[PDB]
Amino acid sequence: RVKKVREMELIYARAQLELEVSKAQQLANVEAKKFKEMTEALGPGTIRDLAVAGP
Amino acid sequence: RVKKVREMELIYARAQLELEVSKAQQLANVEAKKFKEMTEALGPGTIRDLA
Amino acid sequence: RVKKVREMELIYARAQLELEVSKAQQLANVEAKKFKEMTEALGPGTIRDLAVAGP
């Protein structure tokens with residue numbers, strides 16, 4: 001009884017595994033290429049001065 | 001009973017995954033190219049002096 | 001009685017093992033390649049200045 005249900009919690013957790021995996025995976029692709037285009041369209045010297053706004 | 005509903009919470013979370021993904025994805029495109037045009041139309045020396 | 005149920009908790013924990021394994025495994029792939037693309041699209045000097053925002 002316990003073997004079968006928990007070997008199934010095995011397969012169910014394999015499932016929930018992949019869900020959380022690709023969840024955060026493509027959320028990561030989202031925010032990472034977000035800030036990719038952010039800073040690439042910014043430019044090296046532009047963001048350097050924007051952050052070095054201090055004498 | 002638990003297998004089927006939670007393998008479905010698998011597919012539903014795959015769904016909610018992609019929702020949050022492209023949500024923040026295109027919000028990111030939004031704010032990033034926002035500040036892209038901001039600082040590019042500003043110019044290097046302009047923003048340097050402004051800061 | 002105890003042997004059989006707990007040798008099964010063996011196989012069930014082998015299962016729960018692999019669930020937690022690939023859970024954190026692909027969550028790791030998620031966040032790691034997230035910050036991969038983050039900092040790679042950033043660039044060496046860009047992130048250096050963004051963090052060296054201080055005189």
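Counting starts from 1 on each chain and follows the sequence as written, independent of the entry's numbering; residues without coordinates are not shown. Naming scheme: in the order in which they are written, chains are lettered from A and ligands are numbered from 1. Part of a larger assembly is shown; the reported values describe that part exclusively. Derived side-chain values reflect all non-hydrogen atoms in the structure, with water molecules and hydrogen atoms excluded from consideration. Residues with missing side-chain atoms are left out of burial classes, side-chain pairs and their counts.

- Structure determination for the deposited model, as stated in its record, used cryo-EM, and the stated resolution is 9.8 Å.

1. A closer look at the overall build of chain B
In step 1: Looking only at helices and strands, chain B has two helices and zero strands in total.
In step 2: Projected onto its principal axes, the C-alpha positions of chain B cover 65 × 15 × 10 Å. Segments assigned H or I by DSSP are reported as helices when at least four residues long, segments assigned E as strands when at least two residues long, and all are numbered from the N terminus.

2. Concerning the interface of chain A and chain C
In step 1: Counting residues at the interface gives 28 residues for chain A and 24 residues for chain C.
In step 2: Residue assignment for the side of chain A that touches chain C shows that the elements contributing at least two residues are α1 (2-42) and α2 (44-51) of chain A.
In step 3: Top contributing element to the side of chain A that touches chain C by residue count: α1 of chain A, with 23 residues. Between two residues, a contact is recorded if the distance between any of their heavy atoms is within 4.5 Å.

3. Some remarks on the interface of chain B and chain A
It is common to give the size of an interface as the accessible area that goes away when the parts come together.
In step 1: Contacts between chain B and chain A engage 25 residues on the former and 25 residues on the latter.
In step 2: Among the secondary structure elements, those contributing two or more residues to the side of chain B that touches chain A are α1 (2-42) and α2 (44-50) of chain B.
In step 3: For the side of chain B that touches chain A, the element with the most residues is α1 of chain B, which contributes 22 residues.
In step 4: Each residue is assigned to one class: nonpolar for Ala, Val, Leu, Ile, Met, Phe, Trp, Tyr, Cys and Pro, charged for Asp, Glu, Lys and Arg, and polar for all the others, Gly among them. Each residue belonging to the side of chain B that touches chain A can be placed in one class, and the counts come to 11 nonpolar, four polar and 10 charged.

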